[PDB]
$ cat upload.cif   # mmCIF, C-alpha atoms and all ligand atoms
data_run
loop_
_atom_site.label_atom_id
_atom_site.label_comp_id
_atom_site.auth_asym_id
_atom_site.auth_seq_id
_atom_site.Cartn_x
_atom_site.Cartn_y
_atom_site.Cartn_z
CA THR C 132 172.70 91.15 104.79
CA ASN C 133 173.72 88.27 102.38
CA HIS C 134 171.77 89.99 99.57
CA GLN C 135 173.56 91.16 96.44
CA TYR C 136 172.23 93.61 93.83
CA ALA C 137 172.53 95.15 90.30
CA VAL C 138 169.75 97.73 90.39
CA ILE C 139 168.95 101.32 89.40
CA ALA C 140 167.14 103.86 91.52
CA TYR C 141 164.98 106.84 90.80
CA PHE C 142 164.80 109.10 93.80
CA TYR C 143 161.86 111.47 93.29
CA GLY C 144 162.53 113.48 96.47
CA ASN C 145 159.00 113.52 97.83
CA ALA C 146 156.40 110.73 98.33
CA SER C 147 154.23 111.91 95.35
CA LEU C 148 154.85 109.23 92.58
CA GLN C 149 151.46 107.66 91.66
CA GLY C 150 152.75 104.43 90.14
CA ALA C 151 155.42 102.85 87.94
CA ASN C 152 156.01 100.18 85.23
CA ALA C 153 158.56 97.39 84.66
CA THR C 154 159.02 95.10 81.60
CA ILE C 155 161.34 92.44 82.95
CA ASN C 156 163.22 89.86 80.87
CA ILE C 157 162.46 86.39 82.30
CA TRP C 158 165.27 83.90 82.87
CA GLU C 159 165.90 80.75 84.87
CA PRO C 160 169.20 81.55 86.64
CA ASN C 161 171.06 78.68 88.28
CA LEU C 162 171.60 78.62 92.08
CA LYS C 163 174.78 77.32 93.74
CA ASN C 164 172.88 76.36 96.95
CA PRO C 165 169.26 76.00 95.75
CA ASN C 166 167.96 74.77 99.13
CA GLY C 167 168.39 78.31 100.59
CA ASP C 168 169.41 80.65 97.73
CA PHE C 169 167.17 82.82 95.62
CA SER C 170 167.59 85.00 92.47
CA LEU C 171 165.01 87.57 91.36
CA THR C 172 164.27 90.62 89.20
CA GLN C 173 161.67 93.16 90.29
CA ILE C 174 160.42 96.68 90.81
CA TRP C 175 160.56 98.31 94.28
CA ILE C 176 158.08 101.15 94.74
CA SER C 177 158.75 102.78 98.07
CA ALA C 178 158.29 105.63 100.56
CA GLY C 179 160.27 106.35 103.75
CA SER C 180 163.37 104.62 105.19
CA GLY C 181 164.40 102.48 108.16
CA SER C 182 161.33 101.30 110.10
CA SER C 183 159.14 103.86 108.21
CA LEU C 184 159.95 102.14 104.86
CA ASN C 185 156.91 100.98 102.80
CA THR C 186 157.40 98.75 99.74
CA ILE C 187 155.35 97.53 96.79
CA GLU C 188 157.28 94.75 95.11
CA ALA C 189 156.61 92.63 92.03
CA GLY C 190 158.65 90.53 89.63
CA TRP C 191 160.08 87.06 89.00
CA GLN C 192 161.97 84.80 91.43
CA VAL C 193 163.78 81.48 91.36
CA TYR C 194 163.46 80.43 95.07
CA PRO C 195 163.37 76.59 95.43
CA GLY C 196 163.11 76.70 99.24
CA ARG C 197 159.90 78.75 99.00
CA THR C 198 158.20 77.75 95.70
CA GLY C 199 159.28 74.09 95.51
CA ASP C 200 161.11 74.26 92.16
CA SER C 201 163.77 76.11 90.10
CA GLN C 202 161.30 77.83 87.73
CA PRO C 203 161.09 81.66 87.62
CA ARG C 204 157.77 82.61 89.23
CA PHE C 205 155.73 85.76 89.42
CA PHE C 206 155.97 87.08 92.96
CA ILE C 207 154.76 90.06 94.97
CA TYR C 208 155.90 91.43 98.32
CA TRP C 209 155.08 94.36 100.55
CA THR C 210 156.34 95.92 103.73
CA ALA C 211 155.05 98.67 105.91
CA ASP C 212 157.86 98.68 108.55
CA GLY C 213 161.06 98.03 106.55
CA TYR C 214 160.75 94.20 106.84
CA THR C 215 160.74 93.92 110.69
CA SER C 216 157.29 92.33 111.28
CA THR C 217 155.02 93.38 108.33
CA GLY C 218 154.83 92.05 104.78
CA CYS C 219 154.98 88.64 103.10
CA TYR C 220 155.26 86.94 99.75
CA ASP C 221 152.27 86.57 97.43
CA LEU C 222 149.01 85.80 99.40
CA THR C 223 150.73 84.07 102.42
CA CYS C 224 149.59 86.89 104.77
CA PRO C 225 146.65 89.38 104.70
CA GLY C 226 147.76 92.41 102.68
CA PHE C 227 147.49 92.09 98.90
CA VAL C 228 143.88 91.56 97.66
CA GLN C 229 143.42 89.57 94.43
CA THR C 230 140.39 90.76 92.45
CA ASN C 231 141.02 89.00 89.11
CA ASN C 232 142.15 85.36 89.17
CA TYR C 233 142.99 85.35 85.35
CA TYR C 234 146.66 85.15 86.40
CA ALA C 235 147.74 83.11 89.44
CA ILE C 236 150.01 84.85 91.95
CA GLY C 237 153.16 82.72 92.04
CA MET C 238 152.62 81.38 88.49
CA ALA C 239 155.64 79.67 86.91
CA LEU C 240 156.87 81.78 83.94
CA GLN C 241 158.52 80.75 80.65
CA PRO C 242 162.28 81.33 80.82
CA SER C 243 164.23 82.96 77.98
CA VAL C 244 166.73 81.05 75.86
CA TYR C 245 170.36 82.25 75.63
CA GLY C 246 170.81 83.60 72.10
CA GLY C 247 167.20 82.64 71.42
CA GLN C 248 163.60 83.23 72.41
CA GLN C 249 163.10 86.22 74.73
CA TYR C 250 160.09 86.45 77.12
CA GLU C 251 158.90 89.49 79.15
CA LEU C 252 157.05 90.14 82.38
CA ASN C 253 155.14 93.37 81.89
CA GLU C 254 153.88 94.70 85.22
CA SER C 255 152.15 98.09 85.71
CA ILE C 256 151.27 99.55 89.10
CA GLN C 257 149.23 102.71 89.81
CA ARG C 258 147.81 104.27 92.90
CA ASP C 259 144.11 105.08 92.97
CA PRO C 260 143.89 108.69 94.29
CA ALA C 261 140.37 108.19 95.74
CA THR C 262 141.51 105.42 98.21
CA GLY C 263 145.30 105.21 98.22
CA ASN C 264 145.22 101.56 96.94
CA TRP C 265 147.95 100.46 94.51
CA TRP C 266 146.68 98.36 91.60
CA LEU C 267 148.70 95.70 89.81
CA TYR C 268 148.26 94.87 86.08
CA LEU C 269 150.15 91.92 84.45
CA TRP C 270 150.32 92.32 80.64
CA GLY C 271 147.32 94.72 80.69
CA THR C 272 145.16 92.45 82.92
CA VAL C 273 144.25 93.64 86.42
CA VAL C 274 145.36 91.32 89.28
CA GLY C 275 144.43 93.22 92.46
CA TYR C 276 145.75 95.81 94.89
CA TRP C 277 147.89 96.71 97.88
CA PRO C 278 145.35 98.46 100.10
CA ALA C 279 146.16 101.77 101.77
CA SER C 280 144.96 100.09 105.06
CA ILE C 281 148.29 98.26 105.43
CA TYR C 282 150.49 101.37 104.71
CA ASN C 283 151.62 104.66 106.34
CA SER C 284 154.47 106.53 104.50
CA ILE C 285 153.38 105.41 100.98
CA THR C 286 149.60 106.18 101.47
CA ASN C 287 149.82 109.34 99.26
CA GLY C 288 152.46 108.12 96.77
CA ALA C 289 156.05 106.89 96.47
CA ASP C 290 159.39 108.78 96.70
CA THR C 291 161.64 106.07 95.17
CA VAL C 292 161.37 103.47 92.45
CA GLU C 293 164.10 100.83 91.88
CA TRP C 294 164.44 98.06 89.22
CA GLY C 295 166.89 95.21 88.78
CA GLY C 296 168.23 91.96 90.05
CA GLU C 297 168.94 90.60 93.49
CA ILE C 298 170.39 87.29 94.72
CA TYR C 299 170.19 85.83 98.23
CA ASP C 300 173.37 84.02 99.21
CA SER C 301 172.53 81.31 101.85
CA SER C 302 176.27 80.33 101.89
CA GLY C 303 177.11 83.53 103.81
CA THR C 304 179.74 85.00 101.48
CA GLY C 305 177.62 88.26 101.26
CA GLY C 306 177.00 87.57 97.55
CA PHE C 307 180.75 88.16 96.91
CA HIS C 308 181.76 84.51 96.30
CA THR C 309 178.79 82.49 94.99
CA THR C 310 178.03 81.25 91.45
CA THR C 311 174.27 81.85 92.11
CA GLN C 312 173.39 83.62 88.86
CA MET C 313 171.64 86.98 88.54
CA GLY C 314 169.49 87.75 85.51
CA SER C 315 170.51 85.38 82.74
CA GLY C 316 173.76 84.29 84.46
CA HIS C 317 175.72 86.51 82.01
CA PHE C 318 177.22 90.04 82.45
CA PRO C 319 175.17 92.96 80.98
CA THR C 320 177.81 93.65 78.22
CA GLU C 321 176.51 90.50 76.46
CA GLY C 322 173.40 92.51 75.48
CA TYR C 323 170.04 91.46 74.06
CA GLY C 324 169.28 87.75 74.06
CA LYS C 325 172.34 86.95 76.23
CA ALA C 326 172.10 89.27 79.25
CA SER C 327 168.88 90.06 81.07
CA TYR C 328 167.24 93.50 80.95
CA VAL C 329 164.52 95.75 82.37
CA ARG C 330 162.81 98.15 79.95
CA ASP C 331 159.72 100.50 80.36
CA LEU C 332 161.59 102.22 83.21
CA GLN C 333 158.63 104.47 83.83
CA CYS C 334 156.89 106.04 86.77
CA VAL C 335 153.88 108.36 87.15
CA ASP C 336 153.77 111.82 88.81
CA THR C 337 150.77 113.27 90.85
CA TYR C 338 149.24 114.59 87.58
CA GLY C 339 149.09 111.09 85.96
CA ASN C 340 151.95 111.84 83.55
CA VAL C 341 154.50 109.07 82.75
CA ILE C 342 158.09 110.00 83.57
CA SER C 343 160.71 108.21 81.51
CA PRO C 344 164.05 109.23 83.08
CA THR C 345 167.27 109.13 81.07
CA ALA C 346 170.40 107.21 82.29
CA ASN C 347 171.61 110.56 83.75
CA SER C 348 168.71 110.67 86.27
CA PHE C 349 169.18 107.06 87.63
CA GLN C 350 171.58 105.96 90.36
CA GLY C 351 173.26 102.63 89.62
CA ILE C 352 173.89 100.23 92.53
CA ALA C 353 176.03 97.05 92.08
CA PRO C 354 178.22 96.56 95.15
CA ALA C 355 179.81 93.32 93.79
CA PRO C 356 180.84 94.41 90.18
CA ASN C 357 183.04 91.27 89.69
CA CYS C 358 179.96 89.05 90.26
CA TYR C 359 176.90 90.99 89.07
CA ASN C 360 176.83 94.17 87.07
CA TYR C 361 174.43 96.67 85.44
CA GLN C 362 174.69 98.57 82.12
CA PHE C 363 172.44 101.05 80.34
CA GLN C 364 172.03 100.42 76.61
CA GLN C 365 170.22 102.85 74.33
CA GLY C 366 167.78 100.90 72.23
CA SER C 367 166.08 102.22 69.05
CA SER C 368 162.87 103.20 70.89
CA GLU C 369 163.83 103.19 74.62
CA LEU C 370 166.43 102.91 77.36
CA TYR C 371 167.35 99.39 78.50
CA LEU C 372 168.84 98.37 81.84
CA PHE C 373 170.98 95.28 81.36
CA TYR C 374 171.89 93.60 84.72
CA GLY C 375 173.14 90.38 86.34
CA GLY C 376 176.06 88.05 85.98
CA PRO C 377 177.39 84.61 86.73
CA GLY C 378 178.41 85.35 90.31
CA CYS C 379 181.94 84.98 91.69
CA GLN C 380 184.17 82.00 92.22
CA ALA C 401 184.85 80.76 95.76
CA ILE C 402 187.80 82.29 97.70
CA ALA C 403 190.92 80.36 96.54
CA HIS C 404 191.84 77.42 98.75
CA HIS C 405 195.29 76.34 97.63
CA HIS C 406 196.78 75.55 101.09
CA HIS C 407 197.96 71.95 101.51
CA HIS C 408 199.89 71.96 104.77
CA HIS C 409 200.20 68.54 106.32
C1 LIG J 501 153.07 102.57 82.06
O1 LIG J 501 152.42 103.23 83.14
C2 LIG J 501 151.18 103.89 82.85
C3 LIG J 501 150.68 104.34 84.20
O2 LIG J 501 149.82 105.46 84.15
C4 LIG J 501 150.21 102.95 82.14
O3 LIG J 501 149.09 103.63 81.59
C5 LIG J 501 147.96 103.70 82.39
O4 LIG J 501 147.57 102.40 82.81
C6 LIG J 501 146.50 102.42 83.77
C7 LIG J 501 146.23 100.98 84.13
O5 LIG J 501 145.89 100.19 83.01
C8 LIG J 501 145.28 103.14 83.21
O6 LIG J 501 144.40 103.33 84.31
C9 LIG J 501 143.04 103.34 84.07
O7 LIG J 501 142.64 104.65 83.70
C10 LIG J 501 141.23 104.75 83.42
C11 LIG J 501 141.00 106.14 82.89
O8 LIG J 501 141.39 107.10 83.84
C12 LIG J 501 141.07 108.40 83.46
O9 LIG J 501 139.66 108.64 83.38
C13 LIG J 501 138.96 108.53 84.62
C14 LIG J 501 137.49 108.71 84.32
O10 LIG J 501 136.98 107.72 83.43
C15 LIG J 501 139.49 109.57 85.60
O11 LIG J 501 138.86 109.36 86.85
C16 LIG J 501 141.00 109.43 85.78
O12 LIG J 501 141.45 110.56 86.53
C17 LIG J 501 142.01 110.38 87.83
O13 LIG J 501 143.42 110.13 87.78
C18 LIG J 501 144.16 111.19 87.16
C19 LIG J 501 145.57 110.70 86.91
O14 LIG J 501 145.87 110.74 85.52
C20 LIG J 501 144.06 112.45 88.01
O15 LIG J 501 144.78 113.50 87.36
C21 LIG J 501 142.58 112.83 88.15
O16 LIG J 501 142.43 113.96 89.01
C22 LIG J 501 141.73 111.66 88.63
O17 LIG J 501 141.89 111.43 90.03
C23 LIG J 501 141.74 109.37 84.44
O18 LIG J 501 141.91 110.65 83.84
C24 LIG J 501 140.45 104.44 84.70
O19 LIG J 501 139.06 104.55 84.44
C25 LIG J 501 140.81 103.03 85.15
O20 LIG J 501 140.13 102.69 86.35
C26 LIG J 501 139.91 101.31 86.64
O21 LIG J 501 140.97 100.74 87.42
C27 LIG J 501 141.20 101.40 88.68
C28 LIG J 501 142.39 100.74 89.33
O22 LIG J 501 143.60 100.89 88.58
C29 LIG J 501 139.93 101.32 89.53
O23 LIG J 501 140.13 102.07 90.72
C30 LIG J 501 138.74 101.88 88.77
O24 LIG J 501 137.56 101.72 89.55
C31 LIG J 501 138.60 101.20 87.42
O25 LIG J 501 138.27 99.82 87.57
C32 LIG J 501 142.32 102.89 85.33
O26 LIG J 501 142.74 103.69 86.43
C33 LIG J 501 145.68 104.49 82.62
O27 LIG J 501 144.59 105.08 81.92
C34 LIG J 501 146.82 104.34 81.61
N1 LIG J 501 147.23 105.65 81.12
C35 LIG J 501 147.36 105.93 79.82
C36 LIG J 501 147.71 107.36 79.49
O28 LIG J 501 147.19 105.09 78.95
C37 LIG J 501 150.87 102.15 81.02
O29 LIG J 501 149.94 101.16 80.57
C38 LIG J 501 152.15 101.49 81.51
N2 LIG J 501 152.82 100.77 80.44
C39 LIG J 501 153.45 99.61 80.63
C40 LIG J 501 154.24 99.09 79.46
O30 LIG J 501 153.40 98.99 81.69
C1 LIG J 502 156.80 117.54 95.64
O1 LIG J 502 157.47 117.22 94.41
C2 LIG J 502 156.95 117.88 93.24
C3 LIG J 502 157.76 117.38 92.07
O2 LIG J 502 159.14 117.69 92.21
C4 LIG J 502 157.02 119.39 93.43
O3 LIG J 502 156.51 120.12 92.31
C5 LIG J 502 156.29 119.77 94.71
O4 LIG J 502 156.31 121.19 94.89
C6 LIG J 502 156.95 119.05 95.88
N1 LIG J 502 156.48 119.59 97.16
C7 LIG J 502 155.30 119.34 97.76
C8 LIG J 502 154.98 120.20 98.95
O5 LIG J 502 154.54 118.46 97.37
#

$ encode --input "upload.cif" --output "structure tokens" --more "lines below"
Ligand SMILES: *[C@@H]1O[C@H](CO)[C@@H](O[C@@H]2O[C@H](CO)[C@@H](O[C@@H]3O[C@H](CO[C@H]4O[C@H](CO)[C@@H](O)[C@H](O[C@H]5O[C@H](CO)[C@@H](O)[C@H](O)[C@@H]5O)[C@@H]4O)[C@@H](O)[C@H](O[C@H]4O[C@H](CO)[C@@H](O)[C@H](O)[C@@H]4O)[C@@H]3O)[C@H](O)[C@H]2NC(C)=O)[C@H](O)[C@H]1NC(C)=O
Ligand SMILES: *[C@@H]1O[C@H](CO)[C@@H](O)[C@H](O)[C@H]1NC(C)=O
Amino acid sequence: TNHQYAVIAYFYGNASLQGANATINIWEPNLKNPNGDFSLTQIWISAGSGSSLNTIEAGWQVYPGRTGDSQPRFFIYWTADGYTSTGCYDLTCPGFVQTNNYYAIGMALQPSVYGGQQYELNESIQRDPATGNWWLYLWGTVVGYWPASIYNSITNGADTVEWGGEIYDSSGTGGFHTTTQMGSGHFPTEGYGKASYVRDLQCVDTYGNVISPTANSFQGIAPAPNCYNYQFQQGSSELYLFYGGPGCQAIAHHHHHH
């Protein structure tokens, strides 16, 4: 509730996926109500549904009320009961174990420039079959793992992987009437350098083989298309998911009855 999305989903059918990748374009989207709003782009690696839902989450987030500033920051999240009483951001609760401190969890990232310099958050996650732990690698460098000890439905692998943007509307319009930007703050039709994207839309099967689904095998979700949208774009070497938008204007208030 009060969350809005522009994401794609890969439903595998059974909880057997042994990992996934996400190369996420980094931006510093503006927030209409920064004291409560957030804007992020991430991967969701999951198994189950309802209270049995288990997540492995990683990406960037502009959340001033949590991080202290408007910079996009590397964040992680997990849940083992579909967000009722388990899971937390970064290392705020026992769950994720950091083994390599080369990268800081929560590190401020360099935002991309509109029509200019493009930056990328390359994150790779893979389950270790000998333990059930899910390891995180940022730009090839190991960070740590989500232990199998905190999970139930995802202990043997994931059934669903999702990528894309999400905003959190603290104004209570449901994400339907807030100029809190998603991605770059521009609609995906703008393309490279102007609209944000997610590439390396890959996941791993039980045999360690990378699955790179085509646009045909992904389910697009964007319940507020006037505010935030998604768009596949075939690049020279791989499929791109463009996503985001400027948000929507407030509901017209032209009454002036005395
Ligand atoms: C896109 O996503 C793919 C995901 O697969 C990325 O490529 C892979 O990245 C990971 C992480 O960097 C690499 O993992 C490492 O693999 C090595 C080698 O593993 C092989 O050899 C082992 C023996 O030396 C063997 O045990 C392994 O076999 C097991 O797993 C296979 C699954 O393929 C299964 O079939 C077998 O039955 C076995 O159970 C395997 O053949 C491994 O040694 C590394 O281990 C270190 O890290 C782990 C934690 O992650 C830790 O537990 C270990 O103790 C150790 O410290 C590690 O797992 C993988 O090799 C890459 N694959 C390829 C083909 O390159 C890719 O990088 C992503 N791209 C982007 C852009 O993000
Ligand atoms: C799980 O999914 C894989 C891939 O579709 C399939 O081959 C396998 O038979 C499924 N069933 C079981 C019991 O794992």

$ residues_near_ligand --input "upload.cif" --ligand "ligand LIG 502 (chain J)" --cutoff "12 Å" --atoms "all atoms listed in the file" --output "list in words"
residues 142, 143, 144, 145, 146, 147, 148, 149, 287, 288, 289, 290, 291, 335, 336, 337, 338, 340 and 342 of chain C

$ residues_near_ligand --input "upload.cif" --ligand "ligand LIG 501 (chain J)" --cutoff "9 Å" --atoms "only C-alpha atoms and all ligand atoms" --output "PDB file with C-alpha atoms, keeping the file's coordinate frame"
ATOM      1  CA  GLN C 149     151.460 107.660  91.660  1.00  0.00           C
ATOM      2  CA  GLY C 150     152.750 104.430  90.140  1.00  0.00           C
ATOM      3  CA  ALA C 151     155.420 102.850  87.940  1.00  0.00           C
ATOM      4  CA  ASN C 152     156.010 100.180  85.230  1.00  0.00           C
ATOM      5  CA  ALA C 153     158.560  97.390  84.660  1.00  0.00           C
ATOM      6  CA  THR C 154     159.020  95.100  81.600  1.00  0.00           C
ATOM      7  CA  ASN C 253     155.140  93.370  81.890  1.00  0.00           C
ATOM      8  CA  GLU C 254     153.880  94.700  85.220  1.00  0.00           C
ATOM      9  CA  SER C 255     152.150  98.090  85.710  1.00  0.00           C
ATOM     10  CA  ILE C 256     151.270  99.550  89.100  1.00  0.00           C
ATOM     11  CA  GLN C 257     149.230 102.710  89.810  1.00  0.00           C
ATOM     12  CA  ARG C 258     147.810 104.270  92.900  1.00  0.00           C
ATOM     13  CA  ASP C 259     144.110 105.080  92.970  1.00  0.00           C
ATOM     14  CA  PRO C 260     143.890 108.690  94.290  1.00  0.00           C
ATOM     15  CA  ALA C 261     140.370 108.190  95.740  1.00  0.00           C
ATOM     16  CA  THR C 262     141.510 105.420  98.210  1.00  0.00           C
ATOM     17  CA  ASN C 264     145.220 101.560  96.940  1.00  0.00           C
ATOM     18  CA  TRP C 265     147.950 100.460  94.510  1.00  0.00           C
ATOM     19  CA  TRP C 266     146.680  98.360  91.600  1.00  0.00           C
ATOM     20  CA  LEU C 267     148.700  95.700  89.810  1.00  0.00           C
ATOM     21  CA  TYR C 268     148.260  94.870  86.080  1.00  0.00           C
ATOM     22  CA  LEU C 269     150.150  91.920  84.450  1.00  0.00           C
ATOM     23  CA  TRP C 270     150.320  92.320  80.640  1.00  0.00           C
ATOM     24  CA  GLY C 271     147.320  94.720  80.690  1.00  0.00           C
ATOM     25  CA  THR C 272     145.160  92.450  82.920  1.00  0.00           C
ATOM     26  CA  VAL C 273     144.250  93.640  86.420  1.00  0.00           C
ATOM     27  CA  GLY C 275     144.430  93.220  92.460  1.00  0.00           C
ATOM     28  CA  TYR C 276     145.750  95.810  94.890  1.00  0.00           C
ATOM     29  CA  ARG C 330     162.810  98.150  79.950  1.00  0.00           C
ATOM     30  CA  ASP C 331     159.720 100.500  80.360  1.00  0.00           C
ATOM     31  CA  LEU C 332     161.590 102.220  83.210  1.00  0.00           C
ATOM     32  CA  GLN C 333     158.630 104.470  83.830  1.00  0.00           C
ATOM     33  CA  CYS C 334     156.890 106.040  86.770  1.00  0.00           C
ATOM     34  CA  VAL C 335     153.880 108.360  87.150  1.00  0.00           C
ATOM     35  CA  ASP C 336     153.770 111.820  88.810  1.00  0.00           C
ATOM     36  CA  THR C 337     150.770 113.270  90.850  1.00  0.00           C
ATOM     37  CA  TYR C 338     149.240 114.590  87.580  1.00  0.00           C
ATOM     38  CA  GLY C 339     149.090 111.090  85.960  1.00  0.00           C
ATOM     39  CA  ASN C 340     151.950 111.840  83.550  1.00  0.00           C
ATOM     40  CA  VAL C 341     154.500 109.070  82.750  1.00  0.00           C
ATOM     41  CA  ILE C 342     158.090 110.000  83.570  1.00  0.00           C
TER      42      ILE C 342
END

$ closest_atom_pairs --input "upload.cif" --of "stretch 257-333 of chain C" --to "stretch 355-362 of chain C" --cutoff "9 Å" --atoms "all atoms listed in the file" --output "CSV"
residue,atom,partner,partner_atom,distance
C:295,CA,C:361,CA,8.4
C:296,CA,C:359,CA,8.8
C:306,CA,C:355,CA,7.4
C:307,CA,C:355,CA,6.1
C:308,CA,C:358,CA,7.8
C:309,CA,C:358,CA,8.2
C:310,CA,C:358,CA,8.1
C:312,CA,C:359,CA,8.2
C:313,CA,C:359,CA,6.6
C:314,CA,C:359,CA,8.8
C:316,CA,C:359,CA,8.7
C:317,CA,C:359,CA,8.4
C:318,CA,C:360,CA,6.2
C:319,CA,C:362,CA,5.7
C:320,CA,C:362,CA,7.0

$ closest_residue --input "upload.cif" --among "C:177, C:365, C:210, C:185" --to "residue C:141" --atoms "only C-alpha atoms"
C:177

$ atom_distance --input "upload.cif" --atom1 "atom CA of residue C:171" --atom2 "atom CA of residue C:293"
13.3 Å

$ atom_distance --input "upload.cif" --atom1 "atom CA of residue C:194" --atom2 "atom CA of residue C:364"
28.5 Å

$ atom_distance --input "upload.cif" --atom1 "atom CA of residue C:179" --atom2 "atom CA of residue C:329"
24.2 Å

$ closest_residue --input "upload.cif" --among "C:193, C:138, C:281, C:352" --to "residue C:165" --atoms "only C-alpha atoms"
C:193

$ closest_residue --input "upload.cif" --among "C:248, C:186, C:302, C:286" --to "residue C:211" --atoms "all atoms listed in the file"
C:186
